[PDB]
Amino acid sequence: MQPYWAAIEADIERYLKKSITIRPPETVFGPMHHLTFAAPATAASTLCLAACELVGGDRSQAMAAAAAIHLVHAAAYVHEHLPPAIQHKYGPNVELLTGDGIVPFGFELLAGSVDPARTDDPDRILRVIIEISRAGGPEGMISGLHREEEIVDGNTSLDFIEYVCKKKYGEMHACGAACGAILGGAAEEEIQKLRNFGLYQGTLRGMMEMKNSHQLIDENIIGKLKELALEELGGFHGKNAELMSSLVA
C-alpha cells in the first residue's frame, strides 16, 4: 500500500537520474534534467511496473517503459504550460525544445534496453514502443490536450469532461498497464484486462485532477468508473490482484 507504491516511484526516479546525466553542454542537459523531474509523476508509470510484477515479471523488465511513459508525460506537461503564464526557470523556447528531446529519449531508453542474450526482448519491446507512441500520439493524449482547451470552467457538461480525461489520462494509463503486462510475459486476455483497468483507473484519476476547477464532481461518475474498473479485475484474485484497487480510494 503506502510503502509498495512509494518504492515504485523511487525506483523509477532512480532509473531516470542514472539515465539523464547533466554533462556538457549543460545548456541542453541542464533543462532536460530539470524538466524531467519537475513534472509531476504520472500513475501511468507506476501502473506499468505494478502490472509487470503482477503477472510474474521482474521490475527491471518494465523499468525502461515506465521511464519512457513518464518522459512522454513530462514533455506533454511542459508543452501545455507555455504561454508565459507564470515564472519559468527556462524560457519558453528551451522548454519547447526540451520537450522535443524528452520523447525520443524515452524510445532510446527502450531500444537500448534490449538484452541480446534474451531472445524474447525485441518482440516485446517493439510492441511497447507501438503502445507508448500511440497513447501519446494524435489519437490519444494529444486528443485530450487539444479538447481540454474547449472546457469552460463552469459551463461544460460532465460527459464531455470525462471524455477529455479518458483521452488525456486514461489512454496513457491503459498503455501503462498493458505495456507492463506485455513486458511481464502475460498472455493476451491478461493484457487486455489490465489495459481496460488502466483505462478506467486513469479516467477516474484525471477526473479528480479536474475537480478543483469545475466543481460539479458527481459521485455517480466516480462510482461508474471505479465500478467498471473493478469489473475488469475479475481473474486476478489476491492483493496485487486487488491492490490496484487502492488508487480508487
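Heads up: residue numbers just count along the shown sequence, starting at 1. Note that the rigid core is defined as the largest set of C-alphas that superpose within 1.5 Å between two forms.
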property: Stretch farther from the shown model on average in 6 other deposited structures of this protein, with CA RMS computed after core superposition (112-120, 99-107); result: 112-120
property: Of 156-164 and 84-92, which departs more from this form in 6 other deposited structures of this protein by CA RMS after core fitting; result: 84-92
property: Given 33-41 and 204-212, the range whose Cα B-factors average higher in the PDB entry; result: 204-212
property: Between 226-234 and 15-23 (mean CA B-factor, as deposited), the higher; result: 226-234
property: Criterion, highest CA B-factor; candidates, 85, 111, 142, 179; result: 85
property: Largest Cα B-factor, entry values, listed residues 98, 133, 119, 157; result: 119
property: Chain thirds of CA B-factor: placement of residue 72; result: lowest
property: Ranked against its chain, the third holding the CA B-factor of residue 46; result: lowest
property: Chain-wide C-alpha B factor ranking for residue 194, given as lowest, middle or highest third; result: middle
property: Where the record places residue 94 (Cα B-factor, split into thirds across the chain); result: middle
property: Third of the chain's Cα B-factor distribution that residue 221 belongs to, per the entry; result: highest
